[PDB]
file target.pdb (PDB, C-alpha atoms (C1' of nucleotides) and all ligand atoms)
ATOM      1  CA  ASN A 155     194.267 140.197  87.236  1.00  0.00           C
ATOM      2  CA  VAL A 156     196.344 139.771  84.099  1.00  0.00           C
ATOM      3  CA  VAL A 157     200.004 140.413  84.921  1.00  0.00           C
ATOM      4  CA  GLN A 158     201.668 139.648  81.638  1.00  0.00           C
ATOM      5  CA  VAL A 159     200.828 138.907  78.024  1.00  0.00           C
ATOM      6  CA  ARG A 160     203.648 137.633  75.823  1.00  0.00           C
ATOM      7  CA  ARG A 161     203.819 136.135  72.360  1.00  0.00           C
ATOM      8  CA  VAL A 162     205.839 132.963  72.416  1.00  0.00           C
ATOM      9  CA  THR A 163     206.624 131.057  69.272  1.00  0.00           C
ATOM     10  CA  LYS A 164     207.054 127.469  68.236  1.00  0.00           C
ATOM     11  CA  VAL A 165     208.629 127.142  64.787  1.00  0.00           C
ATOM     12  CA  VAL A 166     207.523 124.678  62.108  1.00  0.00           C
ATOM     13  CA  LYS A 167     208.553 123.979  58.492  1.00  0.00           C
ATOM     14  CA  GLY A 168     205.720 126.254  57.386  1.00  0.00           C
ATOM     15  CA  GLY A 169     206.698 129.209  59.538  1.00  0.00           C
ATOM     16  CA  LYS A 170     206.159 130.851  62.903  1.00  0.00           C
ATOM     17  CA  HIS A 171     203.441 129.240  65.004  1.00  0.00           C
ATOM     18  CA  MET A 172     202.257 131.969  67.354  1.00  0.00           C
ATOM     19  CA  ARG A 173     200.947 131.614  70.847  1.00  0.00           C
ATOM     20  CA  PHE A 174     200.208 133.810  73.822  1.00  0.00           C
ATOM     21  CA  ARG A 175     201.432 133.178  77.316  1.00  0.00           C
ATOM     22  CA  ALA A 176     199.581 134.865  80.112  1.00  0.00           C
ATOM     23  CA  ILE A 177     200.693 135.161  83.666  1.00  0.00           C
ATOM     24  CA  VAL A 178     197.745 135.854  85.887  1.00  0.00           C
ATOM     25  CA  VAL A 179     197.059 136.100  89.604  1.00  0.00           C
ATOM     26  CA  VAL A 180     193.790 135.705  91.419  1.00  0.00           C
ATOM     27  CA  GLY A 181     192.744 137.000  94.793  1.00  0.00           C
ATOM     28  CA  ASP A 182     189.722 137.964  96.834  1.00  0.00           C
ATOM     29  CA  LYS A 183     191.658 140.934  98.265  1.00  0.00           C
ATOM     30  CA  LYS A 184     190.631 139.243 101.534  1.00  0.00           C
ATOM     31  CA  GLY A 185     193.759 137.208 102.384  1.00  0.00           C
ATOM     32  CA  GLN A 186     193.534 134.482  99.728  1.00  0.00           C
ATOM     33  CA  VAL A 187     195.842 134.500  96.641  1.00  0.00           C
ATOM     34  CA  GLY A 188     197.356 132.468  93.811  1.00  0.00           C
ATOM     35  CA  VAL A 189     199.434 132.564  90.647  1.00  0.00           C
ATOM     36  CA  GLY A 190     198.842 130.801  87.379  1.00  0.00           C
ATOM     37  CA  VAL A 191     200.305 130.553  83.922  1.00  0.00           C
ATOM     38  CA  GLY A 192     198.575 129.692  80.680  1.00  0.00           C
ATOM     39  CA  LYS A 193     199.097 129.255  76.970  1.00  0.00           C
ATOM     40  CA  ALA A 194     196.811 129.419  73.959  1.00  0.00           C
ATOM     41  CA  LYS A 195     196.305 130.787  70.474  1.00  0.00           C
ATOM     42  CA  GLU A 196     194.082 133.644  71.626  1.00  0.00           C
ATOM     43  CA  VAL A 197     194.532 136.216  74.385  1.00  0.00           C
ATOM     44  CA  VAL A 198     191.138 135.319  75.900  1.00  0.00           C
ATOM     45  CA  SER A 199     191.637 131.543  76.119  1.00  0.00           C
ATOM     46  CA  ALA A 200     195.089 131.757  77.678  1.00  0.00           C
ATOM     47  CA  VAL A 201     193.704 134.262  80.176  1.00  0.00           C
ATOM     48  CA  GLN A 202     191.065 131.666  81.023  1.00  0.00           C
ATOM     49  CA  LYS A 203     193.415 128.707  81.381  1.00  0.00           C
ATOM     50  CA  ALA A 204     195.648 130.871  83.525  1.00  0.00           C
ATOM     51  CA  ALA A 205     192.608 131.571  85.679  1.00  0.00           C
ATOM     52  CA  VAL A 206     191.936 127.844  86.284  1.00  0.00           C
ATOM     53  CA  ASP A 207     195.558 126.833  86.825  1.00  0.00           C
ATOM     54  CA  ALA A 208     195.788 129.587  89.407  1.00  0.00           C
ATOM     55  CA  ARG A 209     192.549 128.595  91.159  1.00  0.00           C
ATOM     56  CA  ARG A 210     193.797 125.044  91.757  1.00  0.00           C
ATOM     57  CA  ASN A 211     197.211 126.273  92.940  1.00  0.00           C
ATOM     58  CA  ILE A 212     195.909 128.730  95.547  1.00  0.00           C
ATOM     59  CA  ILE A 213     197.108 129.445  99.172  1.00  0.00           C
ATOM     60  CA  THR A 214     196.586 131.915 102.084  1.00  0.00           C
ATOM     61  CA  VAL A 215     198.756 134.800 103.333  1.00  0.00           C
ATOM     62  CA  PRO A 216     199.159 135.268 107.148  1.00  0.00           C
ATOM     63  CA  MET A 217     197.928 138.747 108.096  1.00  0.00           C
ATOM     64  CA  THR A 218     198.094 141.133 111.025  1.00  0.00           C
ATOM     65  CA  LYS A 219     195.284 143.190 112.525  1.00  0.00           C
ATOM     66  CA  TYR A 220     196.493 146.210 110.524  1.00  0.00           C
ATOM     67  CA  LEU A 221     196.655 144.266 107.235  1.00  0.00           C
ATOM     68  CA  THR A 222     200.403 143.649 106.940  1.00  0.00           C
ATOM     69  CA  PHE A 223     203.047 140.963 107.428  1.00  0.00           C
ATOM     70  CA  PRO A 224     203.990 139.162 110.605  1.00  0.00           C
ATOM     71  CA  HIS A 225     207.637 139.887 109.998  1.00  0.00           C
ATOM     72  CA  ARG A 226     210.510 140.521 107.608  1.00  0.00           C
ATOM     73  CA  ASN A 227     211.251 137.743 105.099  1.00  0.00           C
ATOM     74  CA  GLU A 228     213.339 136.737 102.052  1.00  0.00           C
ATOM     75  CA  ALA A 229     212.552 134.261  99.275  1.00  0.00           C
ATOM     76  CA  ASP A 230     214.228 132.429  96.427  1.00  0.00           C
ATOM     77  CA  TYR A 231     212.878 131.000  93.254  1.00  0.00           C
ATOM     78  CA  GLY A 232     215.174 130.553  90.278  1.00  0.00           C
ATOM     79  CA  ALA A 233     217.189 133.744  89.941  1.00  0.00           C
ATOM     80  CA  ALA A 234     214.428 135.801  91.518  1.00  0.00           C
ATOM     81  CA  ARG A 235     214.988 136.807  95.123  1.00  0.00           C
ATOM     82  CA  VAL A 236     212.346 138.673  97.040  1.00  0.00           C
ATOM     83  CA  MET A 237     212.484 140.933 100.044  1.00  0.00           C
ATOM     84  CA  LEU A 238     209.321 141.675 102.023  1.00  0.00           C
ATOM     85  CA  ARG A 239     209.067 143.605 105.239  1.00  0.00           C
ATOM     86  CA  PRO A 240     206.090 144.778 107.298  1.00  0.00           C
ATOM     87  CA  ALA A 241     205.058 148.420 107.325  1.00  0.00           C
ATOM     88  CA  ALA A 242     203.228 150.988 109.478  1.00  0.00           C
ATOM     89  CA  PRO A 243     199.574 151.508 108.602  1.00  0.00           C
ATOM     90  CA  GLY A 244     199.034 154.186 105.983  1.00  0.00           C
ATOM     91  CA  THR A 245     202.190 153.494 103.968  1.00  0.00           C
ATOM     92  CA  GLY A 246     200.336 151.648 101.191  1.00  0.00           C
ATOM     93  CA  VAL A 247     201.889 148.863  99.115  1.00  0.00           C
ATOM     94  CA  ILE A 248     205.209 149.861  97.610  1.00  0.00           C
ATOM     95  CA  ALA A 249     206.771 147.333  95.233  1.00  0.00           C
ATOM     96  CA  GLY A 250     207.390 146.305  91.631  1.00  0.00           C
ATOM     97  CA  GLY A 251     205.073 144.711  89.135  1.00  0.00           C
ATOM     98  CA  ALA A 252     204.883 141.003  89.935  1.00  0.00           C
ATOM     99  CA  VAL A 253     205.417 141.331  93.690  1.00  0.00           C
ATOM    100  CA  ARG A 254     203.069 144.298  93.878  1.00  0.00           C
ATOM    101  CA  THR A 255     200.219 142.663  91.994  1.00  0.00           C
ATOM    102  CA  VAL A 256     200.554 139.457  94.018  1.00  0.00           C
ATOM    103  CA  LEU A 257     200.531 141.320  97.313  1.00  0.00           C
ATOM    104  CA  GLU A 258     197.814 143.730  96.276  1.00  0.00           C
ATOM    105  CA  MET A 259     195.596 140.846  95.159  1.00  0.00           C
ATOM    106  CA  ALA A 260     196.240 139.041  98.423  1.00  0.00           C
ATOM    107  CA  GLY A 261     194.846 142.157 100.061  1.00  0.00           C
ATOM    108  CA  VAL A 262     197.957 143.088 102.010  1.00  0.00           C
ATOM    109  CA  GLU A 263     197.475 146.781 102.663  1.00  0.00           C
ATOM    110  CA  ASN A 264     200.860 147.915 103.960  1.00  0.00           C
ATOM    111  CA  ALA A 265     203.988 146.202 102.692  1.00  0.00           C
ATOM    112  CA  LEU A 266     207.575 146.924 101.691  1.00  0.00           C
ATOM    113  CA  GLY A 267     209.058 144.839  98.967  1.00  0.00           C
ATOM    114  CA  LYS A 268     211.920 144.712  96.567  1.00  0.00           C
ATOM    115  CA  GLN A 269     212.812 141.990  94.177  1.00  0.00           C
ATOM    116  CA  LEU A 270     216.542 141.505  94.056  1.00  0.00           C
ATOM    117  CA  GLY A 271     218.191 139.246  91.545  1.00  0.00           C
ATOM    118  CA  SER A 272     216.180 138.878  88.395  1.00  0.00           C
ATOM    119  CA  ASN A 273     213.331 140.822  86.852  1.00  0.00           C
ATOM    120  CA  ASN A 274     211.199 138.090  85.289  1.00  0.00           C
ATOM    121  CA  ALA A 275     207.529 138.502  86.167  1.00  0.00           C
ATOM    122  CA  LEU A 276     206.638 134.863  86.654  1.00  0.00           C
ATOM    123  CA  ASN A 277     209.529 133.847  88.875  1.00  0.00           C
ATOM    124  CA  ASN A 278     209.030 136.859  91.066  1.00  0.00           C
ATOM    125  CA  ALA A 279     205.413 135.960  91.530  1.00  0.00           C
ATOM    126  CA  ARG A 280     206.310 132.419  92.595  1.00  0.00           C
ATOM    127  CA  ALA A 281     209.011 133.748  94.878  1.00  0.00           C
ATOM    128  CA  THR A 282     206.519 136.054  96.560  1.00  0.00           C
ATOM    129  CA  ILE A 283     204.260 133.107  97.155  1.00  0.00           C
ATOM    130  CA  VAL A 284     207.207 131.238  98.668  1.00  0.00           C
ATOM    131  CA  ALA A 285     207.858 134.225 100.937  1.00  0.00           C
ATOM    132  CA  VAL A 286     204.372 134.738 102.290  1.00  0.00           C
ATOM    133  CA  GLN A 287     203.857 130.983 102.585  1.00  0.00           C
ATOM    134  CA  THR A 288     206.739 130.519 105.064  1.00  0.00           C
ATOM    135  CA  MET A 289     205.527 133.413 107.203  1.00  0.00           C
ATOM    136  CA  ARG A 290     204.906 132.262 110.793  1.00  0.00           C
ATOM    137  CA  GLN A 291     202.104 133.991 112.732  1.00  0.00           C
ATOM    138  CA  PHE A 292     202.827 134.626 116.463  1.00  0.00           C
ATOM    139  CA  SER A 293     200.169 132.238 117.816  1.00  0.00           C
ATOM    140  CA  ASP A 294     201.882 129.388 116.041  1.00  0.00           C
ATOM    141  CA  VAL A 295     205.400 130.185 117.230  1.00  0.00           C
ATOM    142  CA  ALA A 296     203.938 130.410 120.733  1.00  0.00           C
ATOM    143  CA  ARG A 297     202.475 126.921 120.149  1.00  0.00           C
ATOM    144  CA  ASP A 298     205.671 125.492 118.577  1.00  0.00           C
ATOM    145  CA  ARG A 299     208.136 126.795 121.131  1.00  0.00           C
ATOM    146  CA  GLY A 300     205.665 125.929 123.862  1.00  0.00           C
ATOM    147  CA  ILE A 301     205.748 129.407 125.362  1.00  0.00           C
ATOM    148  CA  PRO A 302     202.956 131.918 126.199  1.00  0.00           C
ATOM    149  CA  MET A 303     202.385 134.802 123.813  1.00  0.00           C
ATOM    150  CA  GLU A 304     203.125 137.586 126.283  1.00  0.00           C
ATOM    151  CA  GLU A 305     206.585 136.152 127.012  1.00  0.00           C
ATOM    152  CA  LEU A 306     207.671 136.386 123.368  1.00  0.00           C
ATOM    153  CA  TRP A 307     205.988 139.801 123.015  1.00  0.00           C
ATOM    154  CA  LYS A 308     208.619 141.220 125.371  1.00  0.00           C
TER     155      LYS A 308
ATOM    156  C1'   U B   1     198.234 140.300 118.749  1.00  0.00           C
ATOM    157  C1'   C B   2     201.497 144.434 122.988  1.00  0.00           C
ATOM    158  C1'   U B   3     206.154 147.150 121.318  1.00  0.00           C
ATOM    159  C1'   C B   4     209.170 148.778 117.255  1.00  0.00           C
ATOM    160  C1'   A B   5     209.059 150.656 112.679  1.00  0.00           C
ATOM    161  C1'   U B   6     207.179 156.118 108.749  1.00  0.00           C
ATOM    162  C1'   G B   7     211.696 153.363 104.985  1.00  0.00           C
ATOM    163  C1'   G B   8     214.448 149.662  99.856  1.00  0.00           C
ATOM    164  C1'   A B   9     208.917 149.974  93.334  1.00  0.00           C
ATOM    165  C1'   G B  10     210.619 149.227  88.314  1.00  0.00           C
ATOM    166  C1'   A B  11     210.689 149.591  82.548  1.00  0.00           C
ATOM    167  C1'   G B  12     212.792 148.857  77.564  1.00  0.00           C
ATOM    168  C1'   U B  13     216.976 146.579  74.761  1.00  0.00           C
ATOM    169  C1'   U B  14     220.932 140.628  72.511  1.00  0.00           C
ATOM    170  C1'   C B  15     216.709 135.491  70.680  1.00  0.00           C
ATOM    171  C1'   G B  16     212.457 132.459  65.965  1.00  0.00           C
ATOM    172  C1'   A B  17     210.891 131.987  71.185  1.00  0.00           C
ATOM    173  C1'   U B  18     212.900 130.868  76.752  1.00  0.00           C
ATOM    174  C1'   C B  19     215.686 131.193  81.114  1.00  0.00           C
ATOM    175  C1'   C B  20     220.251 133.445  82.688  1.00  0.00           C
ATOM    176  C1'   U B  21     225.083 136.255  83.069  1.00  0.00           C
ATOM    177  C1'   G B  22     225.850 140.954  81.533  1.00  0.00           C
ATOM    178  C1'   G B  23     226.373 146.098  79.963  1.00  0.00           C
ATOM    179  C1'   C B  24     223.790 150.525  77.834  1.00  0.00           C
ATOM    180  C1'   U B  25     219.317 153.680  78.462  1.00  0.00           C
ATOM    181  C1'   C B  26     214.976 155.898  81.241  1.00  0.00           C
ATOM    182  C1'   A B  27     211.578 157.392  85.325  1.00  0.00           C
ATOM    183  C1'   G B  28     213.627 160.839  90.982  1.00  0.00           C
ATOM    184  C1'   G B  29     215.997 164.605  93.594  1.00  0.00           C
ATOM    185  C1'   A B  30     219.697 168.952  93.612  1.00  0.00           C
ATOM    186  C1'   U B  31     222.038 173.318  91.612  1.00  0.00           C
ATOM    187  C1'   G B  32     226.381 179.784  92.991  1.00  0.00           C
ATOM    188  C1'   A B  33     223.765 177.070  86.984  1.00  0.00           C
ATOM    189  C1'   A B  34     223.528 178.695  81.411  1.00  0.00           C
ATOM    190  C1'   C B  35     220.273 178.815  76.870  1.00  0.00           C
ATOM    191  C1'   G B  36     215.189 178.839  74.366  1.00  0.00           C
ATOM    192  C1'   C B  37     209.994 180.372  74.607  1.00  0.00           C
ATOM    193  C1'   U B  38     206.838 182.985  77.948  1.00  0.00           C
ATOM    194  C1'   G B  39     206.333 186.352  81.771  1.00  0.00           C
ATOM    195  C1'   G B  40     201.422 190.348  86.962  1.00  0.00           C
ATOM    196  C1'   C B  41     202.598 191.014  92.208  1.00  0.00           C
ATOM    197  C1'   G B  42     204.660 190.630  96.923  1.00  0.00           C
ATOM    198  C1'   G B  43     207.910 188.043 101.255  1.00  0.00           C
ATOM    199  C1'   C B  44     213.029 186.157 102.398  1.00  0.00           C
ATOM    200  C1'   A B  45     217.566 184.838 100.117  1.00  0.00           C
ATOM    201  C1'   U B  46     221.345 184.765  96.072  1.00  0.00           C
ATOM    202  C1'   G B  47     224.481 187.077  92.283  1.00  0.00           C
ATOM    203  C1'   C B  48     233.060 186.404  87.988  1.00  0.00           C
ATOM    204  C1'   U B  49     232.876 178.806  89.307  1.00  0.00           C
ATOM    205  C1'   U B  50     236.723 181.129  83.856  1.00  0.00           C
ATOM    206  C1'   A B  51     242.210 184.988  83.759  1.00  0.00           C
ATOM    207  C1'   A B  52     245.786 185.015  91.862  1.00  0.00           C
ATOM    208  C1'   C B  53     244.743 188.727  83.795  1.00  0.00           C
ATOM    209  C1'   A B  54     245.356 194.033  83.150  1.00  0.00           C
ATOM    210  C1'   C B  55     243.479 198.549  85.551  1.00  0.00           C
ATOM    211  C1'   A B  56     241.379 205.308  83.886  1.00  0.00           C
ATOM    212  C1'   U B  57     238.399 208.094  87.955  1.00  0.00           C
ATOM    213  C1'   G B  58     236.397 208.720  93.024  1.00  0.00           C
ATOM    214  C1'   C B  59     236.319 206.986  98.053  1.00  0.00           C
ATOM    215  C1'   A B  60     237.860 202.469 101.787  1.00  0.00           C
ATOM    216  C1'   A B  61     242.140 204.729 108.819  1.00  0.00           C
ATOM    217  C1'   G B  62     242.708 207.886 111.431  1.00  0.00           C
ATOM    218  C1'   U B  63     242.099 210.523 115.606  1.00  0.00           C
ATOM    219  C1'   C B  64     244.087 213.600 120.502  1.00  0.00           C
ATOM    220  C1'   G B  65     245.009 221.511 121.252  1.00  0.00           C
ATOM    221  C1'   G B  66     243.342 218.527 128.359  1.00  0.00           C
ATOM    222  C1'   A B  67     251.687 216.038 125.996  1.00  0.00           C
ATOM    223  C1'   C B  68     254.185 220.629 123.150  1.00  0.00           C
ATOM    224  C1'   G B  69     256.372 224.916 120.828  1.00  0.00           C
ATOM    225  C1'   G B  70     254.997 227.829 117.266  1.00  0.00           C
ATOM    226  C1'   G B  71     251.382 230.814 112.980  1.00  0.00           C
ATOM    227  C1'   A B  72     246.456 231.986 110.966  1.00  0.00           C
ATOM    228  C1'   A B  73     241.466 233.239 110.969  1.00  0.00           C
ATOM    229  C1'   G B  74     238.735 236.639 112.982  1.00  0.00           C
ATOM    230  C1'   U B  75     238.010 239.989 117.676  1.00  0.00           C
ATOM    231  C1'   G B  76     239.828 244.931 119.469  1.00  0.00           C
ATOM    232  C1'   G B  77     243.580 243.489 120.752  1.00  0.00           C
ATOM    233  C1'   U B  78     246.402 237.270 124.945  1.00  0.00           C
ATOM    234  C1'   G B  79     238.563 238.780 127.743  1.00  0.00           C
ATOM    235  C1'   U B  80     236.167 234.951 123.447  1.00  0.00           C
ATOM    236  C1'   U B  81     236.953 231.213 120.009  1.00  0.00           C
ATOM    237  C1'   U B  82     238.250 228.577 116.137  1.00  0.00           C
ATOM    238  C1'   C B  83     241.024 225.944 112.455  1.00  0.00           C
TER     239        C B  83
HETATM  240 MG    MG C   1     199.087 120.612  76.461  1.00  0.00          MG
HETATM  241 MG    MG C   2     221.458 132.422  93.924  1.00  0.00          MG
HETATM  242 MG    MG C   3     216.425 146.334  90.789  1.00  0.00          MG
HETATM  243 MG    MG C   4     224.132 135.940  71.377  1.00  0.00          MG
HETATM  244 MG    MG C   5     214.315 140.836  67.499  1.00  0.00          MG
HETATM  245 MG    MG C   6     222.608 142.196  86.196  1.00  0.00          MG
HETATM  246 MG    MG C   7     215.420 165.311  86.241  1.00  0.00          MG
HETATM  247 MG    MG C   8     212.692 188.397  78.049  1.00  0.00          MG
HETATM  248 MG    MG C   9     237.712 183.472  91.432  1.00  0.00          MG
HETATM  249 MG    MG C  10     243.841 205.475  90.687  1.00  0.00          MG
HETATM  250 MG    MG C  11     234.402 209.351 103.317  1.00  0.00          MG
HETATM  251 MG    MG C  12     238.984 222.184 121.867  1.00  0.00          MG
HETATM  252 MG    MG C  13     239.024 219.590 117.598  1.00  0.00          MG
HETATM  253 MG    MG C  14     245.639 213.499 127.225  1.00  0.00          MG
HETATM  254 MG    MG C  15     241.981 231.332 125.383  1.00  0.00          MG
END

call {"tool": "encode", "arguments": {"input": "target.pdb", "output": "structure tokens", "more": "lines below"}}
Ligand SMILES: [Mg+2]
Ligand SMILES: [Mg+2]
Ligand SMILES: [Mg+2]
Ligand SMILES: [Mg+2]
Ligand SMILES: [Mg+2]
Ligand SMILES: [Mg+2]
Ligand SMILES: [Mg+2]
Ligand SMILES: [Mg+2]
Ligand SMILES: [Mg+2]
Ligand SMILES: [Mg+2]
Ligand SMILES: [Mg+2]
Ligand SMILES: [Mg+2]
Ligand SMILES: [Mg+2]
Ligand SMILES: [Mg+2]
Ligand SMILES: [Mg+2]
result
Amino acid sequence: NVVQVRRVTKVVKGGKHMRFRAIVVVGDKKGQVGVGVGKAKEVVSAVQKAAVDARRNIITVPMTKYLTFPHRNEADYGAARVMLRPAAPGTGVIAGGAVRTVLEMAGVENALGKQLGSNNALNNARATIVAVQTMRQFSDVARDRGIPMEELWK
RNA sequence: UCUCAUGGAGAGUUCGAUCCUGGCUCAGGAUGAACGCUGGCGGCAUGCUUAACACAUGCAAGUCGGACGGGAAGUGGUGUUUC
């Protein structure tokens, strides 16, 4: 999914040397997602490079039986800060462009999110990845703390 | 994987491009609203925000004859009853 297409410029003695930068995320909508960034002379080629760079950068988002987040989380990348919190089933995904495409492509069905701090697409994507990467699923906190699930449930 | 949550979306604009700090602007709701164009019906509401500025006319607080003396309508008369 192509998030953003921009025309960046290098300048040479001749004139303006034009390129396209594409920010693109890939997902299966099944709980596997990644971000990637690419650069080329043509829209198509940059799209493609972005595709590959993403595929080799990819990770997995912890999910809950209802297709949502384990818990509430913040994240920080550059000047982009990102706020995610779990939702009740049937609320859909409500968020802004970068965060929303990332989460939607991960396959998260119900999520609250707001990017605070900056607006830049790319950074917000990476921040979202940082968020959902640090998410701890309950089985694993049970295993870490060394305490049975039902005891933390209460 | 019980319980809680029914809730927080962005976009454009400084640069040859970038990231940022930063303002301006937009998308939403609400009117005791006004104006433009258009306008079939019903249900429930609402209707001088400004000049506590002037007011023509008509009506918005009276009743009690079982507190009381009279007089005035009739009636034949203080037997009747009204104002
Ligand atoms: Mg190279
Ligand atoms: Mg900071
Ligand atoms: Mg914001
Ligand atoms: Mg400047
Ligand atoms: Mg310019
Ligand atoms: Mg700011
Ligand atoms: Mg409006
Ligand atoms: Mg008319
Ligand atoms: Mg008034
Ligand atoms: Mg008068
Ligand atoms: Mg009257
Ligand atoms: Mg009487
Ligand atoms: Mg009387
Ligand atoms: Mg009496
Ligand atoms: Mg008498």

call {"tool": "interface_residues", "arguments": {"input": "target.pdb", "of": "chain B", "to": "chain A", "cutoff": "10 Å", "atoms": "all atoms listed in the file", "output": "list in words"}}
result
residues 1, 2, 3, 5, 6, 7, 8, 9, 10, 11, 16, 17, 18, 19 and 20 of chain B

call {"tool": "atom_distance", "arguments": {"input": "target.pdb", "atom1": "atom CA of residue 227 of chain A", "atom2": "atom CA of residue 286 of chain A"}}
result
8.0 Å

call {"tool": "resolve_selection", "arguments": {"input": "target.pdb", "expression": "the PyMOL selection byres (((chain A and resi 186-191) around 6) and not hetatm)", "output": "list in words"}}
result
residues 176, 177, 178, 179, 180, 181, 182, 184, 185, 192, 204, 207, 208, 212, 213, 214 and 260 of chain A

call {"tool": "atom_distance", "arguments": {"input": "target.pdb", "atom1": "atom CA of residue 158 of chain A", "atom2": "atom CA of residue 259 of chain A"}}
result
14.9 Å

call {"tool": "residues_around", "arguments": {"input": "target.pdb", "residues": "segment 67-73 of chain B", "least_positions_apart": "5", "cutoff": "12 Å", "atoms": "all atoms listed in the file", "output": "VMD selection string"}}
result
chain B and resid 81 to 83

call {"tool": "decode", "arguments": {"input": "target.pdb", "residues": "segment 256-277 of chain A", "atoms": "N, CA and C atoms", "output": "PDB file, in the first residue's frame"}}
result
ATOM      1  N   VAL A 256      -0.674   1.817   8.604  1.00  0.00           N
ATOM      2  CA  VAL A 256       0.149   0.790   9.242  1.00  0.00           C
ATOM      3  C   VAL A 256      -0.718  -0.213   9.977  1.00  0.00           C
ATOM      4  N   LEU A 257      -1.591   0.291  10.839  1.00  0.00           N
ATOM      5  CA  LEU A 257      -2.429  -0.576  11.654  1.00  0.00           C
ATOM      6  C   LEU A 257      -3.424  -1.378  10.841  1.00  0.00           C
ATOM      7  N   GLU A 258      -4.002  -0.741   9.835  1.00  0.00           N
ATOM      8  CA  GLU A 258      -4.947  -1.405   8.964  1.00  0.00           C
ATOM      9  C   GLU A 258      -4.284  -2.533   8.177  1.00  0.00           C
ATOM     10  N   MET A 259      -3.041  -2.309   7.764  1.00  0.00           N
ATOM     11  CA  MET A 259      -2.303  -3.297   6.985  1.00  0.00           C
ATOM     12  C   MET A 259      -1.774  -4.417   7.862  1.00  0.00           C
ATOM     13  N   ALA A 260      -1.595  -4.124   9.144  1.00  0.00           N
ATOM     14  CA  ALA A 260      -1.255  -5.165  10.105  1.00  0.00           C
ATOM     15  C   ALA A 260      -2.445  -6.083  10.318  1.00  0.00           C
ATOM     16  N   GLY A 261      -3.640  -5.536  10.120  1.00  0.00           N
ATOM     17  CA  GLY A 261      -4.866  -6.295  10.265  1.00  0.00           C
ATOM     18  C   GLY A 261      -5.572  -6.045  11.580  1.00  0.00           C
ATOM     19  N   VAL A 262      -5.045  -5.115  12.370  1.00  0.00           N
ATOM     20  CA  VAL A 262      -5.692  -4.737  13.616  1.00  0.00           C
ATOM     21  C   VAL A 262      -7.084  -4.224  13.294  1.00  0.00           C
ATOM     22  N   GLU A 263      -8.108  -4.857  13.851  1.00  0.00           N
ATOM     23  CA  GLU A 263      -9.460  -4.439  13.507  1.00  0.00           C
ATOM     24  C   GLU A 263      -9.996  -3.282  14.349  1.00  0.00           C
ATOM     25  N   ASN A 264      -9.781  -3.318  15.656  1.00  0.00           N
ATOM     26  CA  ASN A 264     -10.276  -2.241  16.496  1.00  0.00           C
ATOM     27  C   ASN A 264      -9.165  -1.559  17.263  1.00  0.00           C
ATOM     28  N   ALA A 265      -8.880  -0.311  16.914  1.00  0.00           N
ATOM     29  CA  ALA A 265      -7.797   0.413  17.563  1.00  0.00           C
ATOM     30  C   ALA A 265      -8.056   1.922  17.633  1.00  0.00           C
ATOM     31  N   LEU A 266      -7.652   2.514  18.753  1.00  0.00           N
ATOM     32  CA  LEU A 266      -7.631   3.957  18.906  1.00  0.00           C
ATOM     33  C   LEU A 266      -6.219   4.430  18.701  1.00  0.00           C
ATOM     34  N   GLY A 267      -6.037   5.463  17.895  1.00  0.00           N
ATOM     35  CA  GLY A 267      -4.728   6.063  17.855  1.00  0.00           C
ATOM     36  C   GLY A 267      -4.724   7.521  17.487  1.00  0.00           C
ATOM     37  N   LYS A 268      -3.737   8.212  18.032  1.00  0.00           N
ATOM     38  CA  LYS A 268      -3.537   9.604  17.730  1.00  0.00           C
ATOM     39  C   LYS A 268      -2.062   9.840  17.712  1.00  0.00           C
ATOM     40  N   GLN A 269      -1.582  10.460  16.651  1.00  0.00           N
ATOM     41  CA  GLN A 269      -0.208  10.884  16.638  1.00  0.00           C
ATOM     42  C   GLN A 269      -0.157  12.260  17.281  1.00  0.00           C
ATOM     43  N   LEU A 270       0.642  12.383  18.328  1.00  0.00           N
ATOM     44  CA  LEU A 270       0.924  13.697  18.867  1.00  0.00           C
ATOM     45  C   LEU A 270       2.297  14.079  18.359  1.00  0.00           C
ATOM     46  N   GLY A 271       2.727  15.288  18.670  1.00  0.00           N
ATOM     47  CA  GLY A 271       3.970  15.762  18.101  1.00  0.00           C
ATOM     48  C   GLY A 271       3.817  16.012  16.614  1.00  0.00           C
ATOM     49  N   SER A 272       4.693  15.449  15.802  1.00  0.00           N
ATOM     50  CA  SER A 272       4.737  15.897  14.427  1.00  0.00           C
ATOM     51  C   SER A 272       3.763  15.185  13.516  1.00  0.00           C
ATOM     52  N   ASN A 273       3.651  15.694  12.296  1.00  0.00           N
ATOM     53  CA  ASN A 273       2.764  15.121  11.300  1.00  0.00           C
ATOM     54  C   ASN A 273       3.402  14.264  10.218  1.00  0.00           C
ATOM     55  N   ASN A 274       4.727  14.226  10.148  1.00  0.00           N
ATOM     56  CA  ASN A 274       5.385  13.592   9.010  1.00  0.00           C
ATOM     57  C   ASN A 274       5.067  12.114   8.868  1.00  0.00           C
ATOM     58  N   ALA A 275       4.659  11.717   7.667  1.00  0.00           N
ATOM     59  CA  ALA A 275       4.151  10.374   7.419  1.00  0.00           C
ATOM     60  C   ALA A 275       5.122   9.304   7.873  1.00  0.00           C
ATOM     61  N   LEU A 276       6.329   9.379   7.333  1.00  0.00           N
ATOM     62  CA  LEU A 276       7.356   8.382   7.580  1.00  0.00           C
ATOM     63  C   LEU A 276       7.651   8.118   9.055  1.00  0.00           C
ATOM     64  N   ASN A 277       7.965   9.183   9.776  1.00  0.00           N
ATOM     65  CA  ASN A 277       8.287   9.065  11.185  1.00  0.00           C
ATOM     66  C   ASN A 277       7.164   8.460  11.983  1.00  0.00           C
TER      67      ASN A 277
END
